[PDB]
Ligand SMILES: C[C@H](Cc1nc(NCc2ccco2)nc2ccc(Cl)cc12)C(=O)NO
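Okay, so here's just one chain, in structure tokens, the form deposited without this ligand.
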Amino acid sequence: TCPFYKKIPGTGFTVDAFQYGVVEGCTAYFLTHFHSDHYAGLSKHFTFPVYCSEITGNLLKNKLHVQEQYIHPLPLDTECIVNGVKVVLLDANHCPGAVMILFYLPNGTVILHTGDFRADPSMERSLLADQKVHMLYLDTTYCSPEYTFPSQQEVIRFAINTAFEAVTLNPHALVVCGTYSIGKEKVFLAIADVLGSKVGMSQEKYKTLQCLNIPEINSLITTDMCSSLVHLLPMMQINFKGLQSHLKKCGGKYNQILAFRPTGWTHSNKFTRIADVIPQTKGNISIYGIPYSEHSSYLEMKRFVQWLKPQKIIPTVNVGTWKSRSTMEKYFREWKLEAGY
């Protein structure tokens, strides 16, 4: 059955709750973003109203084949009414089309659901600042002080300069970027832009990108692999074996590969700075691990919550074990005691 952390009290709404069949009482199903854990259970067979951003609606329509009659896209930063309740969608700074939802309940309670997010100080001057928020449903992916990472911009600058130098040194080098869902598109778009190239990719991946309302997209991406010096492959192929194999397929148009694996956090965030990063190398193929995150670091999450000052916090990630919930409760109390709410 549908957990309490996916229900919004005093409405018949749910959020990211598609895997439990018909939820009793639910009149509107919200979807924060198009990642499989969150959409799990949605298909052409779903017949209830789904509320979401325009981008998320394009993906539902085209990738999952959800029938158009059930897709209710809403604009961002706009007060809307859904089944008699006022709502607002805000940018989550996660993957394309990802939203936070603000629910104004009829009793006067205000609830923020973050979905998946990467907290940023620009969220402190949105519509959130206009009134008190009583309850927060929080993306707690990285809720522990060891989880630090550089900014997106530091990582992109590093990627840019690395690729530019490698291809100026050897103009027959190919650049490859690994991927498994939407998100982290700036990695490959920024590398391509400094190399004067489009990004080449499979038909399924191109179809995905074509749904994302990216300006001038037709000038940036192609299905013609041969005409392009940056290629996208599945993350699973980003290894020496997979990369040698792809290099055989390109027809001796390239004689070297430089590949990037954008990851989340791994244990080497604790010492290394981005400027110290060195690749793994076997022969004419180099692989760089780069920690480009679309979730809040501990410090970014703490700052956001300490600003917002919610009366109650409901975690939405790592809630499956008592040990994790207990640990998270401890950090929420520290934050409250330090800031005085």
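Throughout, we count residues from 1 along the sequence that is shown. Note that the rigid core is defined as the largest set of C-alphas that superpose within 1.5 Å between two forms.
Taking the rigid core as the alignment reference, the C-alpha atoms of 213 to 221 lie farther on average from the displayed form in 9 other deposited structures of this protein than those of the other stretch among 120 to 128 and 213 to 221.
Across the two stretches, 227 to 235 and 146 to 154, the PDB entry reports the greater mean Cα temperature factor for 227 to 235. Per the PDB record, of the two stretches 321 to 329 and 19 to 27, 19 to 27 carries the greater mean B-factor over its C-alpha atoms.
Between the residues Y137, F260, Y104, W265, it is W265 that shows the highest Cα B-factor in the PDB record. Residues shown: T47, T316, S53, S296. Highest C-alpha temperature factor in the entry: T47. When the modelled residues of the chain are ordered by C-alpha B-factor, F164 sits in the middle third. Placement of the Cα temperature factor of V88 within the chain: lowest third of the modelled residues, per the deposited record. Per the deposited record, the Cα B-factor of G178 falls in the middle third when ranked against the other modelled residues of its chain. Among all modelled residues in this chain, the alpha-carbon of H33 has a temperature factor (C-alpha) in the lowest third. Ranked by C-alpha B-factor against the other modelled residues of its chain, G57 falls in the lowest third.
Form deposited with this ligand bound: not shown, discussed below.
With this ligand left out of view, the stretch that reaches within 4.5 Å of it through heavy atoms in the deposited complex is, among 151 to 159, 196 to 204, 178 to 186, 80 to 88, 178 to 186. This chain lacks the partner; the member of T47, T272, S36, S43 within 4.5 angstroms of this ligand in the deposited complex by a non-hydrogen atom is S36.
Mapping the unseen interface onto this chain, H113 falls outside it, with no heavy atom inside 4.5 Å of this ligand in the deposited complex. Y142 belongs to the set of residues with a heavy atom inside 4.5 Å of this ligand in the deposited complex. The closest heavy atom approach of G264 to this ligand in the deposited complex falls within 4.5 Å. Residue contact check for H231: none of its heavy atoms lie within 4.5 Å of this ligand in the deposited complex. Along 81 to 108, a single residue, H94, places a heavy atom within 4.5 Å of this ligand in the deposited complex.
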